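One file, my_file06.pdb, is given below (PDB, N, CA and C atoms).
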```
MODEL        1
ATOM      1  N   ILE A   2      -6.051  14.642  11.917
ATOM      2  CA  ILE A   2      -6.149  13.478  10.967
ATOM      3  C   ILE A   2      -6.636  13.932   9.546
ATOM      4  N   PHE A   3      -7.861  14.474   9.474
ATOM      5  CA  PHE A   3      -8.394  15.317   8.358
ATOM      6  C   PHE A   3      -7.390  16.247   7.605
ATOM      7  N   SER A   4      -6.613  17.078   8.327
ATOM      8  CA  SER A   4      -5.514  17.890   7.732
ATOM      9  C   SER A   4      -4.266  17.082   7.265
ATOM     10  N   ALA A   5      -3.802  16.088   8.054
ATOM     11  CA  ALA A   5      -2.621  15.253   7.729
ATOM     12  C   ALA A   5      -2.856  14.329   6.507
ATOM     13  N   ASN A   6      -3.814  13.387   6.582
ATOM     14  CA  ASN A   6      -4.269  12.568   5.417
ATOM     15  C   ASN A   6      -5.106  13.310   4.308
ATOM     16  N   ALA A   7      -5.058  14.657   4.255
ATOM     17  CA  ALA A   7      -5.316  15.452   3.035
ATOM     18  C   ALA A   7      -3.994  16.194   2.676
ATOM     19  N   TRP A   8      -3.723  17.379   3.264
ATOM     20  CA  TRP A   8      -2.645  18.308   2.814
ATOM     21  C   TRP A   8      -1.185  17.868   3.100
ATOM     22  N   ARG A   9      -0.872  17.396   4.322
ATOM     23  CA  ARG A   9       0.474  16.849   4.651
ATOM     24  C   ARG A   9       0.877  15.568   3.850
ATOM     25  N   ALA A  10      -0.024  14.574   3.716
ATOM     26  CA  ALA A  10       0.217  13.272   3.039
ATOM     27  C   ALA A  10       0.815  13.347   1.611
ATOM     28  N   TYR A  11       0.120  13.901   0.598
ATOM     29  CA  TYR A  11       0.718  14.083  -0.765
ATOM     30  C   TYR A  11       2.065  14.887  -0.826
ATOM     31  N   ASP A  12       2.153  15.987  -0.052
ATOM     32  CA  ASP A  12       3.292  16.936  -0.067
ATOM     33  C   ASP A  12       4.592  16.359   0.582
ATOM     34  N   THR A  13       4.539  15.976   1.873
ATOM     35  CA  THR A  13       5.707  15.473   2.655
ATOM     36  C   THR A  13       5.499  14.054   3.295
ATOM     37  N   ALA A  14       4.311  13.722   3.851
ATOM     38  CA  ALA A  14       4.117  12.526   4.727
ATOM     39  C   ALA A  14       3.808  11.131   4.100
ATOM     40  N   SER A  15       3.568  11.023   2.786
ATOM     41  CA  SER A  15       3.653   9.732   2.041
ATOM     42  C   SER A  15       5.115   9.372   1.612
ATOM     43  N   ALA A  16       5.978  10.369   1.298
ATOM     44  CA  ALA A  16       7.458  10.210   1.346
ATOM     45  C   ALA A  16       8.129  10.025   2.752
ATOM     46  N   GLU A  17       7.428  10.165   3.910
ATOM     47  CA  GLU A  17       7.866   9.520   5.195
ATOM     48  C   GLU A  17       8.097   7.983   5.082
ATOM     49  N   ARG A  18       7.165   7.247   4.434
ATOM     50  CA  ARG A  18       7.303   5.799   4.131
ATOM     51  C   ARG A  18       7.120   4.973   5.430
ATOM     52  N   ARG A  19       5.847   4.818   5.852
ATOM     53  CA  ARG A  19       5.472   4.106   7.091
ATOM     54  C   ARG A  19       5.809   2.614   6.949
ATOM     55  N   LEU A  20       6.632   2.125   7.890
ATOM     56  CA  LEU A  20       7.105   0.713   7.903
ATOM     57  C   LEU A  20       8.311   0.465   6.933
ATOM     58  N   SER A  21       8.312   1.042   5.700
ATOM     59  CA  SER A  21       9.364   0.856   4.657
ATOM     60  C   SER A  21       9.278  -0.493   3.882
ATOM     61  N   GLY A  22       9.144  -1.627   4.598
ATOM     62  CA  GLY A  22       9.028  -2.974   3.999
ATOM     63  C   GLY A  22       7.791  -3.222   3.110
ATOM     64  N   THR A  23       6.593  -3.115   3.708
ATOM     65  CA  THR A  23       5.297  -3.349   3.004
ATOM     66  C   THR A  23       4.869  -2.117   2.123
ATOM     67  N   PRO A  24       4.082  -2.257   1.010
ATOM     68  CA  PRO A  24       4.148  -1.316  -0.141
ATOM     69  C   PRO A  24       3.556   0.092   0.123
ATOM     70  N   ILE A  25       4.354   1.150  -0.093
ATOM     71  CA  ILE A  25       3.987   2.563   0.251
ATOM     72  C   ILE A  25       2.772   3.170  -0.526
ATOM     73  N   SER A  26       2.570   2.847  -1.816
ATOM     74  CA  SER A  26       1.284   3.111  -2.532
ATOM     75  C   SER A  26      -0.012   2.571  -1.833
ATOM     76  N   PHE A  27       0.018   1.296  -1.412
ATOM     77  CA  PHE A  27      -1.065   0.626  -0.637
ATOM     78  C   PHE A  27      -1.155   0.977   0.883
ATOM     79  N   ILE A  28      -0.013   1.243   1.536
ATOM     80  CA  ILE A  28       0.108   1.571   2.988
ATOM     81  C   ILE A  28      -0.188   3.071   3.291
ATOM     82  N   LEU A  29       0.208   4.008   2.408
ATOM     83  CA  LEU A  29      -0.197   5.443   2.503
ATOM     84  C   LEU A  29      -1.142   5.844   1.322
ATOM     85  N   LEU A  30      -2.187   5.012   1.175
ATOM     86  CA  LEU A  30      -3.374   5.192   0.315
ATOM     87  C   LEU A  30      -4.111   6.560   0.444
TER      88      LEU A  30
ENDMDL
END
```

Can you give me the file's structure in the form of structure tokens?
Amino acid sequence: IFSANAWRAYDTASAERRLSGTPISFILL
């Protein structure tokens, strides 16, 4: 969790786009 929501999130996993409908800036904060 610590590694994913630091290093993975900005690089590849905030462009995953969780849900797609509700807002990705607020949903992958």

### Task
Evaluate the PyMOL selection byres (((chain A and resi 30 and name CA) around 10) and name CA) and record the selected residues as a PyMOL selection string, following the chain and residue labels used in the document.
chain A and resi 6+10-11+15+24-29

Write the selection just made, keeping N, CA and C atoms, as a tab-separated table (two decimals), in the frame of the given file?
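Output file result-v6.tsv follows:
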```tsv
chain	number	residue	atom	x	y	z
A	6	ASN	N	-3.81	13.39	6.58
A	6	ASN	CA	-4.27	12.57	5.42
A	6	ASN	C	-5.11	13.31	4.31
A	10	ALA	N	-0.02	14.57	3.72
A	10	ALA	CA	0.22	13.27	3.04
A	10	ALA	C	0.82	13.35	1.61
A	11	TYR	N	0.12	13.90	0.60
A	11	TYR	CA	0.72	14.08	-0.76
A	11	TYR	C	2.06	14.89	-0.83
A	15	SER	N	3.57	11.02	2.79
A	15	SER	CA	3.65	9.73	2.04
A	15	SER	C	5.12	9.37	1.61
A	24	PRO	N	4.08	-2.26	1.01
A	24	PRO	CA	4.15	-1.32	-0.14
A	24	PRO	C	3.56	0.09	0.12
A	25	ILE	N	4.35	1.15	-0.09
A	25	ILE	CA	3.99	2.56	0.25
A	25	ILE	C	2.77	3.17	-0.53
A	26	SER	N	2.57	2.85	-1.82
A	26	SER	CA	1.28	3.11	-2.53
A	26	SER	C	-0.01	2.57	-1.83
A	27	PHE	N	0.02	1.30	-1.41
A	27	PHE	CA	-1.06	0.63	-0.64
A	27	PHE	C	-1.16	0.98	0.88
A	28	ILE	N	-0.01	1.24	1.54
A	28	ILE	CA	0.11	1.57	2.99
A	28	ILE	C	-0.19	3.07	3.29
A	29	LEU	N	0.21	4.01	2.41
A	29	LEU	CA	-0.20	5.44	2.50
A	29	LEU	C	-1.14	5.84	1.32
```

### Query
If you run DSSP on this backbone, which residues of chain A come out as helix (DSSP H, G or I), and could you give them as a list in words?
residues 5, 6, 7, 8, 9, 10, 11, 12, 13, 14, 25, 26, 27 and 28 of chain A

Can I get the selected residues back with N, CA and C atoms, as a PDB file, in the coordinates of the input?
```pdb
ATOM      1  N   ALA A   5      -3.802  16.088   8.054  1.00  0.00           N
ATOM      2  CA  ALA A   5      -2.621  15.253   7.729  1.00  0.00           C
ATOM      3  C   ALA A   5      -2.856  14.329   6.507  1.00  0.00           C
ATOM      4  N   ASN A   6      -3.814  13.387   6.582  1.00  0.00           N
ATOM      5  CA  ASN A   6      -4.269  12.568   5.417  1.00  0.00           C
ATOM      6  C   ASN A   6      -5.106  13.310   4.308  1.00  0.00           C
ATOM      7  N   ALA A   7      -5.058  14.657   4.255  1.00  0.00           N
ATOM      8  CA  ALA A   7      -5.316  15.452   3.035  1.00  0.00           C
ATOM      9  C   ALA A   7      -3.994  16.194   2.676  1.00  0.00           C
ATOM     10  N   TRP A   8      -3.723  17.379   3.264  1.00  0.00           N
ATOM     11  CA  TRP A   8      -2.645  18.308   2.814  1.00  0.00           C
ATOM     12  C   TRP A   8      -1.185  17.868   3.100  1.00  0.00           C
ATOM     13  N   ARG A   9      -0.872  17.396   4.322  1.00  0.00           N
ATOM     14  CA  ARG A   9       0.474  16.849   4.651  1.00  0.00           C
ATOM     15  C   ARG A   9       0.877  15.568   3.850  1.00  0.00           C
ATOM     16  N   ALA A  10      -0.024  14.574   3.716  1.00  0.00           N
ATOM     17  CA  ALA A  10       0.217  13.272   3.039  1.00  0.00           C
ATOM     18  C   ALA A  10       0.815  13.347   1.611  1.00  0.00           C
ATOM     19  N   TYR A  11       0.120  13.901   0.598  1.00  0.00           N
ATOM     20  CA  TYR A  11       0.718  14.083  -0.765  1.00  0.00           C
ATOM     21  C   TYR A  11       2.065  14.887  -0.826  1.00  0.00           C
ATOM     22  N   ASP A  12       2.153  15.987  -0.052  1.00  0.00           N
ATOM     23  CA  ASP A  12       3.292  16.936  -0.067  1.00  0.00           C
ATOM     24  C   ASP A  12       4.592  16.359   0.582  1.00  0.00           C
ATOM     25  N   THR A  13       4.539  15.976   1.873  1.00  0.00           N
ATOM     26  CA  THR A  13       5.707  15.473   2.655  1.00  0.00           C
ATOM     27  C   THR A  13       5.499  14.054   3.295  1.00  0.00           C
ATOM     28  N   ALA A  14       4.311  13.722   3.851  1.00  0.00           N
ATOM     29  CA  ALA A  14       4.117  12.526   4.727  1.00  0.00           C
ATOM     30  C   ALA A  14       3.808  11.131   4.100  1.00  0.00           C
ATOM     31  N   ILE A  25       4.354   1.150  -0.093  1.00  0.00           N
ATOM     32  CA  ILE A  25       3.987   2.563   0.251  1.00  0.00           C
ATOM     33  C   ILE A  25       2.772   3.170  -0.526  1.00  0.00           C
ATOM     34  N   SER A  26       2.570   2.847  -1.816  1.00  0.00           N
ATOM     35  CA  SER A  26       1.284   3.111  -2.532  1.00  0.00           C
ATOM     36  C   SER A  26      -0.012   2.571  -1.833  1.00  0.00           C
ATOM     37  N   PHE A  27       0.018   1.296  -1.412  1.00  0.00           N
ATOM     38  CA  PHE A  27      -1.065   0.626  -0.637  1.00  0.00           C
ATOM     39  C   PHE A  27      -1.155   0.977   0.883  1.00  0.00           C
ATOM     40  N   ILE A  28      -0.013   1.243   1.536  1.00  0.00           N
ATOM     41  CA  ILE A  28       0.108   1.571   2.988  1.00  0.00           C
ATOM     42  C   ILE A  28      -0.188   3.071   3.291  1.00  0.00           C
TER      43      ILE A  28
END
```

### Query
Quick one: distance from atom N of residue 4 of chain A to atom C of residue 23 of chain A in Å, one decimal?
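Calculated distance between atom N of residue 4 of chain A and atom C of residue 23 of chain A is 23.2 Å.
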
### Query
Between atom CA of residue 21 of chain A and atom C of residue 9 of chain A, what is the distance, to one decimal in Å?
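Between atom CA of residue 21 of chain A and atom C of residue 9 of chain A the gap works out to 17.0 Å.
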